[PDB]
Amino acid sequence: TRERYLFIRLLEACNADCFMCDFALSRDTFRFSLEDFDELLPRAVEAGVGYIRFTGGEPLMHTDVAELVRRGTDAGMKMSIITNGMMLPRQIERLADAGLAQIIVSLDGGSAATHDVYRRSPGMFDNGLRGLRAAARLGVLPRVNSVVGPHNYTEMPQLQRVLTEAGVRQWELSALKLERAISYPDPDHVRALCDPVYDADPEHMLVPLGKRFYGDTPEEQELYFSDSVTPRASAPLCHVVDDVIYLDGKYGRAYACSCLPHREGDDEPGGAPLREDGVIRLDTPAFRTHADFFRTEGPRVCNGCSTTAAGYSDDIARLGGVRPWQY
C-alpha cells in the first residue's frame, strides 16, 4: 500500500481577497491546535501517511505552522505547505530549518500586474517569487499551483517561462471552479496558446502535472468548454480516494480527496467525522463508505476535480504506481 497524503485545513482566515475563493477576507478564528496535531500524528502514521500538507486559508497566518512542520518531520513525515506566498520570504528560512520538504505557492498570472489584481494584494506575486527562489536555494522542493480560466489563460506561456527561470520544479495548472457556468469566447484560441505549454520540452520548460486543464481527449475538451465539467479521474475508478485524506479542521470532516467530493442530492456534511466520541480516528467505517462511493462514482459525477488528482488516479490505473510528490 502506497504512501498516502494527509491534508489539514489548519484555518480559514486569510490575508488575500481572491475573487474565486470563499476564504477571501476571512478573519475566522478557528486554529487547528498543536494538541490536535499530536493526537492525529500517530493515527496518520498507522494509516500509512507519508506526506502532510498544510492548507486552509493562509497557513502562514497560523502562528504554530513552523512548529507543526517540526513535529511532523520528527515523526518521519514529508511536510508541505500551500501558501499565497505573501509571508513566505519572511518565514521560509525558519520553515526550511524546521524540516519543510516542499513549498507550494499559488500564482494565477505571469506577472505582479495581473496576479496581484486577481488576489487584490499588491506585492503578493513578488513575495511568492522571492520565497520560491529562497526555498529552492534552501533545498525545499518548489511547486506552483495556478488557477486558470477565461481571464488569465493567455498568461500561461509567460508564467511557464517565469517558473522555469525561477527554478520551480512542479506546476499544477488546473481550471477555475465556480458555481456559475464558465465560458470561453474562443476555445480554439485557448488550445492555440496553451497547447505549446503542454507540448514544451520537459527538460527545458516546466510542464504542468497530470491532465491539461481543458482536457486531454476531444471528448473531455468538448465537455470542459461546452458544459463547464472539469477533467477528472478517467477510466472506471478513481484511485485518489485510497491515497488522500483531507481534514477540514474547523468542521469535523475528513474527505477522501483534496477536491472534497460531495454527493449531488446530499444536504448532510460531506466526508466523514474526524472524531468518534471526541477521539481522532482515521479510516473509520464512515470514511471508507465515503471513499468507496467516489472510487466507483467519481469518474462519473465529480465536477470539481483537479488536473493533478486526475493524472494521479490515471497513473495508478495504467501503471499501478506514482512517483514521489505526484499529488
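The first residue of the shown sequence is 1; numbering continues from there.
> Return whichever of 223 to 231 and 171 to 179 has the greater mean Cα B factor according to the PDB record.
Comparing 223 to 231 with 171 to 179, the higher mean C-alpha B-factor belongs to 223 to 231.
> Out of 113 to 121 and 199 to 207, which one has CA B-factors that are higher on average in the deposited record?
Comparing 113 to 121 with 199 to 207, the higher average CA B-factor belongs to 199 to 207.
> Among the modelled residues of its chain, does the C-alpha B-factor of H189 lie in the lowest, middle or highest third?
Ranked within chain, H189 CA B lands in the highest tercile.
> In terms of the CA temperature factor given in the entry, to which third of its chain does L41 belong: lowest, middle or highest?
Within its chain, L41 is a highest-third residue by C-alpha B-factor, going by the deposited values.
> Please rank the C-alpha B-factors of the chain's modelled residues and tell me whether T289 sits in the lowest, middle or highest third.
For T289, whose C-alpha B-factor we compare with every modelled residue in the chain, the answer is the highest third.
> Relative to the other modelled residues in the chain, which third contains the C-alpha temperature factor of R31: lowest, middle or highest?
CA B-factor rank for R31: middle third.
> For the chain shown, is the CA B-factor of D64 in the lowest, middle or highest third of its modelled residues?
Middle third, going by the recorded CA B-factors of the chain.
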